[PDB]
Structure formats: structure tokens, C-alpha cells
Amino acid sequence: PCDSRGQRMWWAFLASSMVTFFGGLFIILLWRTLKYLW
Amino acid sequence: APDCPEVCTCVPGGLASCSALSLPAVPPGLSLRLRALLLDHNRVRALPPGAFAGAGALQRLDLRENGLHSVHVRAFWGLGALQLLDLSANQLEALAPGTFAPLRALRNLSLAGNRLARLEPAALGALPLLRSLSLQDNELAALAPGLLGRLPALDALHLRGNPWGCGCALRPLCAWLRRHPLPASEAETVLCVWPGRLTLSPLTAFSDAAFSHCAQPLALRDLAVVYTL
Amino acid sequence: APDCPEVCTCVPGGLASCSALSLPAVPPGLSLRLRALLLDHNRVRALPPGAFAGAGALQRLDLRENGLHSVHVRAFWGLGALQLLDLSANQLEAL
Amino acid sequence: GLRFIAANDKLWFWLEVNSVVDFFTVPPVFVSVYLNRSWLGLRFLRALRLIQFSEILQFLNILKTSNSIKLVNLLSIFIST
């Protein structure tokens, strides 16, 4: 069939990309702080 | 009698008829003694706010074939007891939300033969006592989800002659139809319009398997998978 | 009879006439028993898709002097047997 | 992944333009394949990948002279933006 879009769930892709980027940043910063604080 | 309009005809019991009078506007001097009012076949194109003020005890109101094109939000003032509305055979292209909110005792609402391209959930408002609806001969492309969620007592509906686009937008519409068996006479007259691949297809024959690819509600497994992928 | 529209007049042989009724839309309840349909001198400006569904055995259809202005691609649904069409005296600007 | 292994500073590699477009381009397509539903969201960021062309040409030793390097840089930046 056609007309398969009743509503929008655009947040899923945006949430995935943002969580990937921010988790990478947070884990890198945590590694840096742990190295700083031994 | 003072409770009867001068140009209209009234009978004992509060039944007033103003048909075949070519009235350019709503007659004044409304009274609480009138229970039913007839106003069909007139030329009241514009309805002023609070036009029906005074007749709070009215039960039946008719405005068919009057060329209505715009109704104010507070036009139905003083009509908490109004039960029957006939706005069909008019040129209503849009309805202001909250217009039908005071109609707590509404039982029949007519919107046939109108040019209402879209009907919104907030346009109907809270209608718990409503039992039936008529939306035939309109330009309703699709019913937005949630419109039927505020009509618990809705048992009858007419949808013939509408540009129903058979997709996922009318899945809630089919949900009502599955549990409300439409008569075969009316069901055979209800069909899809677009796309052409689904022409001549009745709306009652579309099951869950036909639209399993539609947007399902968000779950908890996929919610974690989309984050973790 | 169920095969005849309530507001229209029908005669034996499947001939139905709906003229001089000021119909704002196509009457419902079409049946295969009707062979000819008359709809002239009405005000059916817009023709919904699949309006004539059900009367697949119809042979003659008339829509003269009805103020038609736009007809859907799938409007004359279920009419493979239709032979006579009268769209004249209307306001059809595009097909 | 190959670039990340060879990256000198991890934090400043995370903030590069190519890394950002990879982050905002690949996971959405993975989710679209998973959910059988495609959304045209930030897919336009792929044009930013067009920026990393002068470095590609310089790695292959095709692009040597200063004028041509600068011309390719300007053209790539302009078209990508």
C-alpha cells in the first residue's frame, strides 16, 4: 500500500546521532579527567 | 403571542417554523417557550455571535439549505439544551474550535453537503452524549487521529461521497468501523479515492494485515534499540 | 422497491429518472437492476470518486445542466457497461 | 574506525567535520534499516564530506603545485557549503 506516514517520529534518528556524539565526548572527557586524577 | 416571531408560524408546544420565508437574518425575539425552531431554505449567510440568545430551552435547531459559510465561536449561545442540529446542505469550509462545546445534550449533528476540507478533533469538542454523526458529501480527505476519542456514545456515522485517501491516516477511522458493523447498503457506497492502486476498495475490508507496515506506537524494546544502535 | 432511490422515480425495466429534484449530490443506494439513470437539471457541482459504484449494469447516464466543473479520474466507477453519457451544458474546463 | 585508530588527539578528532557528519549520517541510516522507515533528516550533511577532497588529492600526489591546491580547496569549500 501507500501513505504509510500517519505521524512523525523524527526524534529517533536525531536522538541516536546526538547520543552517539555526546557519549563519545563524555567518555573522552571522563578518560581525560581520570588520567588527570590518576 | 409574544413568544412567537411575527413573520414565522408557531404551534402549541413550543414548535416554531420559519421555512419558506427568505429570511436574510435570524429572526429576533427568541423565547424560552419555544422547544424546536425551523430555519431551512433561507438566506442567512452570516450567523452573528449569540444569535440564538434567549431560547435556552430549545431542543431542535435546523439550518439546512441556508448557505452558511462561517459560524462564530459563541453563536450557539444559550443553547445548553439543544439536541438536534442540521447544518447540512451548506457551504461551511471551516469551523472554529469550541463552537460546539456548550452543546452537552447534542445527539444529532449534520454536516452533509458541506465544503469542510478538514475536520479537527478540537472542532467537535467534548461530546459525551452524542450518539450519531453525518459527514457525507464533504471534502474530508482523512480523519486525524483523536477526533473519535471524545465520542464514547458514537454508534452511527455516515461517510459516503468523501475523498477518503486510504492510508495510515485513517487507521483510527477503520478501528471504529471494525467494531461498528456498517449496513451493507452503506458499506458498498464507501470506497477509497487515492491512490489508484486501492481504487474500488471498501474501507471495511482493510484489516490489520493490510496495514501492518503503518507507524506502530512506540514500544520499549525498539526505544532502547534506537538509542543503542 | 430497494433497487429504486427514495427521492427518485423508477419504472419497470431498470429506467430511473431523478430530474427536477434539485439534488445537491448523487443519490445513494445504486443497484444493478437499473439500466438507465437520469440526473439532469440538478446542482451536483462536485462528483465524488466512485459515485456511481454498484450500478455496473447501467447503460445510459445523463448529467446535462448540472453545473459540473470537475470530475475525478475514478468517479464513474463500476460502469464498464455504460454506453450513453451526457455531460453537455456544464462548466467542465478540464478533464 | 581506521581514522580513529590513527588519530593523534581523540578529543580534537571527535570534533572534526568529517567525524560529525559520520556521526549524524551513519546511525540514522542504520536505524532506518532497522525500523523499515526512512526519514530525510540530516542526510544533507553528506555534502560536507565533499570538503575532504584536497587532502585526498594531495595524498595521491596528483595535486602538487600551490595554485591548483588552493583552487581545489576553494572550489570544494564553496560547493560543499
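Cβ sites come from the backbone with ideal geometry, for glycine too, and all protein chains shown count toward neighbours. Please treat every number below as a calculation from the coordinates, not as lab data.
Structural remarks
- Sorted by Cβ neighbour density within 10 Å, fewest at the top, the residues A:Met9, A:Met18: A:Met18, A:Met9
- On Cα atoms only, tilt of D:66-80 relative to the major axis of chain D in degrees: 20
- Whole-angstrom gap from the stretch D:13-50 to the stretch B:85-112, using each part's C-alpha centre: 48
- Percentage, to the nearest whole number, of Cα pairs in the protein assembly as shown over 27 Å apart: 68
- Computed over neighbours whose Cβ is under 12 Å from that of C:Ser88, the net charge equals -3, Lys and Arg +1, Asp and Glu -1.
- Radius 15 Å from Cβ of D:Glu16, net charge of other residues (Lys, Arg +1; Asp, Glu -1): 0
- Residues whose placed amide H lies under 5 Å from that of B:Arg60, excluding near-sequence neighbours: B:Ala36, B:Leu37, B:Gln83, B:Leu84
- Residues within the reach of a label modelled at C:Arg45 (point 7 angstrom out along Cα to beta-carbon, backbone nitrogen below 18 Å), restricted to the stretch B:105-126, are B:111-118.
- Placing unit charges on the Cβ atoms only, positive for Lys and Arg and negative for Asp and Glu, gives chain C a dipole magnitude near 140 debye about its Cα centre.
- Relative contact order for the stretch B:99-213, counting Cα pairs under 8 Å that sit 6 or more residues apart, in percent: 20
- Whole-angstrom Cα spans of chain B along principal axes, big to small: 76, 37, 27
- Sites A:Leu30 and D:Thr65, calculated FRET efficiency, Cβ-Cβ separation with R0 51 Å, nearest 0.05: 0.65
- Averaged over A:17-25, number of beta-carbon atoms from partner chains that fall within 10 Å: 6
- Ellipticity estimate at 222 nm from DSSP helix runs (n ≥ 4, -39,500 (n - 2.57)) divided over chain B, nearest 500: -2500 deg cm²/dmol
- Part-to-part distance (alpha-carbon centres) for the stretch C:26-44 and the stretch C:46-61, which is given in Å: 8
- Rounded to 10°, Cα long-axis angle of helix D:17-35 versus longest principal axis of chain D: 30
- Relative exposure of A:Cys2, B:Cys214, judged by other C-beta atoms within 10 Å (fewest first): A:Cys2, B:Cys214
- Shown here is the pair-distance distribution of chain D: with all Cα-Cα distances grouped in 10 Å bins from zero up to the longest one, the shares run 16, 35, 35, 12, 2 percent.
- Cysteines not pairable in the protein assembly as shown (beta carbon separation under 4.7 Å absent): A:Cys2, B:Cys174
- Measuring nothing but how far apart in sequence close Cα pairs (under 8 Å, 6+ apart) lie, relative to its length, chain C scores a relative contact order of 24 percent.
- Neighbour counting of Cβ atoms within 10 Å sorts the residues A:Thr20, B:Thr9, D:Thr65, fewest neighbours leading, into D:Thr65, B:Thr9, A:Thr20.
- Put a dot 7 Å past the Cα of C:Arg60, heading toward its Cβ, do the same for C:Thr9, and the two dots end up 1.5 nm apart.
- Pairs of alpha carbons in the stretch B:102-188 whose separation is greater than 23 Å (percent): 15
- Sum of side-chain charges, C:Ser19 neighbourhood, beta-carbon under 15 Å (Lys, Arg +1; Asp, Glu -1): -1
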